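Here's a solo chain for you in structure tokens, the form solved without guanine (GUN).
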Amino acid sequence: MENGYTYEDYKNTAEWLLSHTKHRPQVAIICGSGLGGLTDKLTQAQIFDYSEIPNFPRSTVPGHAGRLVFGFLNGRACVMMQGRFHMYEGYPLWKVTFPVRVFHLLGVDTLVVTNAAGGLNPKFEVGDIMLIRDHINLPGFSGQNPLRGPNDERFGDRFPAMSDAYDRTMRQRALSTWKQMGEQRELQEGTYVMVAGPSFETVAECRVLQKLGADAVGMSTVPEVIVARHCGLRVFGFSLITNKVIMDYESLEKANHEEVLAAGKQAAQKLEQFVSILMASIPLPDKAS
């Protein structure tokens, strides 16, 4: 089953993208539930809705918010994805991941991946920010992987490693910075595990997920990271912790992400600022030092 997308298809989409924007971004950022809020911060912002870009997986049903805004965020030139794509939505992983491949041909060397997890480690408060340090791809344990097909050496190897996925440096460099800004609560670090399907994890499941030694759980970020690294992109990311998964038999109270009122607002604002002062710590190709 090869990818319905042929190399010329990306070429095409990059080019296009590169003939409609005087902008050459060095960083792609992927925005997650209640986090497209970061696109307000850009400067020289230039917005293109998927619908409009030649082969772009167009968005489904949930709302009018999902487009590609180019701009300037603190010194570095970025591309930002508002509204990503998930497996639950019906998309083959060669669709969720398409963006990353074009970003490659734009000329992006770094990618920050945001998301809003469920925490599973008993020391996490809704509000927390977790530096993804690692992942657990269950979907991939079974062949649900974006690199599943004939390989495209123009993209990468056949068997890329992942010990290594989320940069040690941008991870040290992130840790330091939370010093810098001198924040209240701590900037967690843990493993991120993915789970596909839309319904939520029951309680035996929350317990497997936790015995597997995961700290947050969600329905995104691993496909995109894998094919990001396949391509040699520098990857680092964070998780906004919204829920706090029940590992005991009880009457859940909970019902939202950010919908309620400050749930995503409050905690989402701090990561948006964090991500924004981090642009500064990301090496600049012109390594003219």
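Just count from 1 along the sequence shown to find any residue number. Superpose the two forms; the largest set of C-alphas matching within 1.5 Å is the rigid core. Only residues modelled in both forms are compared.
Judged by mean Cα B factor in the deposited record, 181 to 189 ranks above the other of 181 to 189 and 96 to 104. Taking only CA atoms, the mean B-factor in the PDB entry is higher for 201 to 209 than for the other of 201 to 209 and 137 to 145.
Annotation for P223, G232, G32, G264: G264 ranks highest, by Cα B-factor. Out of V227, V69, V27, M247, the entry records its largest CA B-factor for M247. Sort the chain's modelled residues by C-alpha temperature factor and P57 lands in the middle third, per the entry. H86 sits in the lowest third of its chain by CA B factor, as recorded in the PDB entry.
In the deposited entry, the Cα temperature factor of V217 places it in the lowest third of its chain's modelled residues. Sorting the modelled residues of the chain by their CA temperature factor places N115 in the lowest third. For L73, the recorded CA B-factor ranks within the middle third of the chain. Only modelled residues enter the ranking.
Below, we refer to the form deposited with guanine (GUN) bound, which is not included among the displayed structures.
Here the marked residues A116, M219 and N243 all reach guanine (GUN) in the deposited complex, each with a heavy atom within 4.5 angstroms. In summary, the region of this chain contacting guanine (GUN) in the deposited complex, judged by heavy atoms within 4.5 Å and restricted to 102 to 110, 68 to 76, 193 to 201, 132 to 140, corresponds to 193 to 201. In the core-aligned comparison between this form and the one not shown, the C-alpha of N256 is the only one from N256, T60, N55, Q46 that shifts by 2 Å or more.
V27 is not among the residues whose C-alpha shifts by 2 Å or more between this form and the one not shown once the rigid core is aligned; its shift stays under 2 Å. When two forms of a protein are overlaid on their rigid core, residues whose CA moves 2 Å or more are considered shifted, and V69 is not one of them between this form and the one not shown. The two forms, fitted on the rigid core, differ between this form and the one not shown by less than 2 Å at the CA of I226. Relative to this form, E258 and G237 separate from one another in the deposited complex, with their C-alpha atoms ending up at least 3 Å farther apart.
In the deposited complex, the separation between the C-alpha atoms of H257 and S276 grows by 3 Å or more relative to the displayed form. In sequence order, the regions between this form and the one not shown where at least three consecutive C-alphas each move 2 angstroms or more after rigid core superposition are 244 to 264, 287 to 289.
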